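Handing you this structure, nothing more for now.
Derivation of every value follows stated rules applied to the coordinates shown; laboratory data play no part. Here the Cβ is made from the backbone with ideal geometry for all residues, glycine too, and neighbour counts use every protein chain on show.
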């Protein structure tokens, strides 16, 4: 059941990493960071939807209860457990369950919300890639879960 | 594992500061103070688990051979020169070992097993904690020996 | 009653240097003097306690049986020189059997109840000390016995 | 759909690392403060 006291404590600790006065507010830039630190799973465009209620150019400020209000609705949304398999199904090399490294560069750096260079490095080191290559998506979903 | 004379002597070099009448037994609450004085660095939860590994009452008393029987079952390692360095590596300024003192004060008061205001009074008086500067972690570990 | 006739005689003989009238009563001013003479090593605060245990307003005067009762309060303590050899080990740099003259000066005049200027002068003269060096605690406890 | 999940994974991981590291540093510091009080008390007591 929602909102036993200890839930609010755990979520407020994660927020208290980012506030540097103790006034209960953060910059809008770190809203995605606190949310994903707790393992909540929104898109960039889904964060942008909320930020249009509060920010003049992407450099504003936002209270703990505003963040927690967005989180309260996102905590009833689905875990994407079916959705991530439907996504990876598209990028299989031959239908045996294995994503190609070539397609994966287009998935990282061209399609959708993309990834920046120094965190594409992270996925290359996670996958042990020194040339042409591949990865099983059921295993990779299990690892990202 | 089994235990040896010089280690048992060092364990009593801590314990006999607290066994004030030489009873050979202490009320179990003080065991955390003894073990931290002895150079192990466990959490409260690990002190509770090391009590759980011998079925013991935290509100009772613990005689010295039963304490040595716990030490022969001891499960949490907490003395390693490398483990504490791994913890500092994520706070490095550029890869040359520098730690921002003000940021460390913020994080240690707002995340994890947080420092209280009276512990900050004590820490100021007894660890000389800078509010303007920075410290290189290699020396800083060996200052806290 | 806690002393043999031989023990009572020994303590009465010594007490009769500080009682000066033979009526069986001492001034509180020499109470420390007679106890320190009769093998005891009482702290300043322990002399204060033992007087205020008898009377907290009083008259600066104590009966011989009440003095023997202060000796009885001490004589339970299993006091012997090996724990004193161990006391100096806490101030040894090498384990060589040696305390530095600087650390000894700090020990005597910063920590604890504290020796006075003349108690230091008197001890230095008796000890055959020469220069701000180091002093062997095995030999010194042999002299202190 | 993959990009949201990877953003979650790496941030959640770096939060766990920093929270664990913080707890380790707090534990080592409470270790030091205990050892300093022990060293002071012991010296005072043996000096007397």
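On the given criteria, is residue D:19 in a helix (DSSP H, G or I), away from chain C (no Cβ under 14 Å) and within 17 Å of residue A:42 (Cα to Cα)?
Working: in a helix (DSSP H, G or I): yes; away from chain C (no Cβ under 14 Å): yes; within 17 Å of residue A:42 (Cα to Cα): no.
Here the answer is no, as residue D:19 does not meet what is asked.
Anything in region B:89-126 that is farther than 24 Å from residue A:12 by Cα, within 9 Å of chain D (Cβ to nearest Cβ) and crowded, with 16+ Cβ neighbours inside 10 Å? List them, or say none.
Listed by number, the list holds a single entry, B:123.
Could you check region B:36-46 and list, in sequence order, the residues that are within 12 Å of residue B:77 (Cα to Cα) and part of a helix (DSSP H, G or I)?
Filtering region B:36-46 down to residues within 12 Å of residue B:77 (Cα to Cα) leaves B:39-43, B:46.
Result: B:46, single match.
Let me ask something additional. For region C:53-145, please list each of the strands (runs of 3 or more DSSP E) lying entirely inside it that holds at least 3 residues being farther than 29 Å from residue D:40 by Cα.
Values: elements: C:61-63, C:98-100, C:134-136.
It comes to C:61-63.
Given the criterion crowded, with 16+ Cβ neighbours inside 10 Å and either away from every other protein chain (no Cβ under 13 Å) or free of Cβ contacts under 8 Å to residues at least 24 places away in the same chain (or both), identify the matching residue among A:15, A:67, A:11.
A:67
For region B:20-42, give me the residue count where each residue is touching a residue at least 12 places away in the same chain (Cβ under 8 Å) and either over 17 Å from residue D:35 (Cβ atoms) or in contact with a helix residue (DSSP H, G or I) (Cβ under 6 Å, 6 or more places away or on another chain) (or both). Steps first, answer last, please.
Here is the first cut: in region B:20-42, the ones touching a residue at least 12 places away in the same chain (Cβ under 8 Å) are B:24-35, B:37-42.
The next check asks that each one be either over 17 Å from residue D:35 (Cβ atoms) or in contact with a helix residue (DSSP H, G or I) (Cβ under 6 Å, 6 or more places away or on another chain) (or both); those that pass are B:24-29, B:32, B:34, B:37-38, B:41.
Of the residues in that region, 11 qualify.
Then there's this: Answer yes or no: is there a residue in region D:36-48 that is away from chain C (no Cβ under 14 Å) and within 26 Å of residue B:18 (Cβ to Cβ). Step through it out loud before you land on a result.
First, the residues of region D:36-48 that are away from chain C (no Cβ under 14 Å): D:36-37.
This time we only want the ones that are within 26 Å of residue B:18 (Cβ to Cβ), so: D:36-37.
Scanning region D:36-48, I find at least one residue that is away from chain C (no Cβ under 14 Å) and within 26 Å of residue B:18 (Cβ to Cβ), so the answer is yes.
What are the pairs, 6+ residues apart or on separate chains, where a residue within region C:116-134 that is within 24 Å of residue C:33 (Cα to Cα) has its Cβ under 7 Å from a residue that is part of a helix (DSSP H, G or I)?
Partner pairs satisfying both residue conditions: C:120/C:108.
Restricting attention to region B:107-114, does a residue exist that is within 15 Å of the chain's Cα centre (by Cα) and closer than 30 Å to residue B:19 by Cβ?
yes
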